[PDB]
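What follows is the content of structure18.pdb, which has PDB, C-alpha atoms:
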```
ATOM      1  CA  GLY A   1      -0.765  55.456   3.516  1.00  0.00           C
ATOM      2  CA  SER A   2       0.827  52.009   3.966  1.00  0.00           C
ATOM      3  CA  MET A   3       1.325  51.824   7.755  1.00  0.00           C
ATOM      4  CA  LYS A   4      -2.181  53.009   8.656  1.00  0.00           C
ATOM      5  CA  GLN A   5      -3.816  50.549   6.262  1.00  0.00           C
ATOM      6  CA  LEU A   6      -1.578  47.604   6.968  1.00  0.00           C
ATOM      7  CA  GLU A   7      -1.755  48.276  10.704  1.00  0.00           C
ATOM      8  CA  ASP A   8      -5.534  48.726  10.355  1.00  0.00           C
ATOM      9  CA  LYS A   9      -5.561  45.266   8.780  1.00  0.00           C
ATOM     10  CA  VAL A  10      -3.474  43.850  11.634  1.00  0.00           C
ATOM     11  CA  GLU A  11      -5.569  45.564  14.318  1.00  0.00           C
ATOM     12  CA  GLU A  12      -8.766  44.291  12.685  1.00  0.00           C
ATOM     13  CA  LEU A  13      -7.467  40.743  13.008  1.00  0.00           C
ATOM     14  CA  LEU A  14      -6.505  41.741  16.538  1.00  0.00           C
ATOM     15  CA  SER A  15     -10.178  42.548  17.032  1.00  0.00           C
ATOM     16  CA  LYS A  16     -11.444  39.125  15.982  1.00  0.00           C
ATOM     17  CA  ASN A  17      -8.473  37.648  17.847  1.00  0.00           C
ATOM     18  CA  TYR A  18     -10.024  39.416  20.809  1.00  0.00           C
ATOM     19  CA  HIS A  19     -13.429  37.889  20.011  1.00  0.00           C
ATOM     20  CA  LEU A  20     -12.162  34.352  19.339  1.00  0.00           C
ATOM     21  CA  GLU A  21      -9.977  34.287  22.416  1.00  0.00           C
ATOM     22  CA  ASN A  22     -12.847  35.681  24.507  1.00  0.00           C
ATOM     23  CA  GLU A  23     -15.186  33.123  22.967  1.00  0.00           C
ATOM     24  CA  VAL A  24     -12.693  30.369  23.795  1.00  0.00           C
ATOM     25  CA  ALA A  25     -12.493  31.586  27.398  1.00  0.00           C
ATOM     26  CA  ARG A  26     -16.279  31.485  27.757  1.00  0.00           C
ATOM     27  CA  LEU A  27     -16.581  28.062  26.140  1.00  0.00           C
ATOM     28  CA  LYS A  28     -13.655  26.669  28.117  1.00  0.00           C
ATOM     29  CA  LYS A  29     -15.470  27.779  31.261  1.00  0.00           C
ATOM     30  CA  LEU A  30     -18.287  25.403  30.347  1.00  0.00           C
ATOM     31  CA  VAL A  31     -15.706  22.877  29.166  1.00  0.00           C
ATOM     32  CA  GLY A  32     -13.949  23.693  32.405  1.00  0.00           C
ATOM     33  CA  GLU A  33     -16.333  23.679  35.340  1.00  0.00           C
TER      34      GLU A  33
ATOM     35  CA  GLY B   1      10.554  46.044   3.529  1.00  0.00           C
ATOM     36  CA  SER B   2       7.234  47.411   4.853  1.00  0.00           C
ATOM     37  CA  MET B   3       4.673  45.161   3.115  1.00  0.00           C
ATOM     38  CA  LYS B   4       6.439  41.884   3.917  1.00  0.00           C
ATOM     39  CA  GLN B   5       6.830  42.794   7.587  1.00  0.00           C
ATOM     40  CA  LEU B   6       3.438  44.353   8.077  1.00  0.00           C
ATOM     41  CA  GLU B   7       1.785  41.527   6.149  1.00  0.00           C
ATOM     42  CA  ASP B   8       3.891  39.045   8.153  1.00  0.00           C
ATOM     43  CA  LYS B   9       2.435  40.678  11.262  1.00  0.00           C
ATOM     44  CA  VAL B  10      -1.100  40.390   9.868  1.00  0.00           C
ATOM     45  CA  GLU B  11      -0.611  36.779   8.744  1.00  0.00           C
ATOM     46  CA  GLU B  12       0.815  35.877  12.159  1.00  0.00           C
ATOM     47  CA  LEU B  13      -2.375  37.140  13.776  1.00  0.00           C
ATOM     48  CA  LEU B  14      -4.164  35.199  11.048  1.00  0.00           C
ATOM     49  CA  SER B  15      -2.348  32.152  12.388  1.00  0.00           C
ATOM     50  CA  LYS B  16      -3.565  32.547  15.960  1.00  0.00           C
ATOM     51  CA  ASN B  17      -6.931  33.577  14.512  1.00  0.00           C
ATOM     52  CA  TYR B  18      -6.799  30.146  12.927  1.00  0.00           C
ATOM     53  CA  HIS B  19      -5.953  28.558  16.293  1.00  0.00           C
ATOM     54  CA  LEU B  20      -8.536  30.489  18.336  1.00  0.00           C
ATOM     55  CA  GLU B  21     -11.305  29.893  15.839  1.00  0.00           C
ATOM     56  CA  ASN B  22     -10.365  26.204  15.636  1.00  0.00           C
ATOM     57  CA  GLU B  23     -10.241  26.046  19.425  1.00  0.00           C
ATOM     58  CA  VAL B  24     -13.682  27.666  19.583  1.00  0.00           C
ATOM     59  CA  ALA B  25     -15.038  25.106  17.107  1.00  0.00           C
ATOM     60  CA  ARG B  26     -13.725  22.219  19.207  1.00  0.00           C
ATOM     61  CA  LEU B  27     -15.018  23.686  22.465  1.00  0.00           C
ATOM     62  CA  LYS B  28     -18.374  24.590  20.937  1.00  0.00           C
ATOM     63  CA  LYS B  29     -18.691  20.956  19.890  1.00  0.00           C
ATOM     64  CA  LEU B  30     -18.606  20.002  23.565  1.00  0.00           C
ATOM     65  CA  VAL B  31     -20.748  23.039  24.345  1.00  0.00           C
ATOM     66  CA  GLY B  32     -22.823  21.889  21.412  1.00  0.00           C
ATOM     67  CA  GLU B  33     -23.555  18.184  21.564  1.00  0.00           C
TER      68      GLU B  33
END
```
Target encoding structure tokens, full file:
Amino acid sequence: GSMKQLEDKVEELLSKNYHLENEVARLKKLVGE
Amino acid sequence: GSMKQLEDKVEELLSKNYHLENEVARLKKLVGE
């Protein structure tokens, strides 16, 4: 109910946020060194 | 109440998701061409 579905929606975006940010870090290493 | 605060939390992650993904796209252009 509510919280667990809304929070599951938030956390799912948190998961791709994890992926994007990690992807950025990897790319910015090549656009870094 | 609930929805507007939970959804505001989701949408805020959606905002950085926008930034990360955009940042990835820019970086992957340099790690692309």
**Gap from CA of residue 19 in chain A to CA of residue 31 in chain A - Å, one decimal** =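 These atoms are spaced 17.7 Å apart.
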**Item:** Distance query residue 32 in chain A at most 12 Å, all atoms listed in the file, self and fewer than 4 positions along chain excluded, as a PyMOL selection string
**Value:** (chain A and resi 24-28) or (chain B and resi 27+30-31)
Report the residues retrieved by the ChimeraX specification (/A :<8) & /B from the displayed file, expressed as a short mmCIF file (atom, residue, chain, number, x, y, z; two decimals) with C-alpha atoms, in the coordinates of the input.
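Output contents, as saved in part_35.cif:
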```cif
data_model
loop_
_atom_site.label_atom_id
_atom_site.label_comp_id
_atom_site.auth_asym_id
_atom_site.auth_seq_id
_atom_site.Cartn_x
_atom_site.Cartn_y
_atom_site.Cartn_z
CA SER B 2 7.23 47.41 4.85
CA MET B 3 4.67 45.16 3.12
CA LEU B 6 3.44 44.35 8.08
CA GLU B 7 1.78 41.53 6.15
CA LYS B 9 2.44 40.68 11.26
CA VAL B 10 -1.10 40.39 9.87
CA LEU B 13 -2.38 37.14 13.78
CA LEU B 14 -4.16 35.20 11.05
CA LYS B 16 -3.56 32.55 15.96
CA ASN B 17 -6.93 33.58 14.51
CA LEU B 20 -8.54 30.49 18.34
CA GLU B 21 -11.30 29.89 15.84
CA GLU B 23 -10.24 26.05 19.42
CA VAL B 24 -13.68 27.67 19.58
CA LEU B 27 -15.02 23.69 22.46
CA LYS B 28 -18.37 24.59 20.94
CA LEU B 30 -18.61 20.00 23.56
CA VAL B 31 -20.75 23.04 24.34
#
```
As AutoDock Vina command-line options, please: the centre and edge lengths in Å, to one decimal, of an axis-aligned box enclosing every listed atom of range 21-27 of chain B with 5 Å added on each side.
```
--center_x -12.6 --center_y 26.1 --center_z 19.1 --size_x 14.8 --size_y 17.7 --size_z 16.8
```
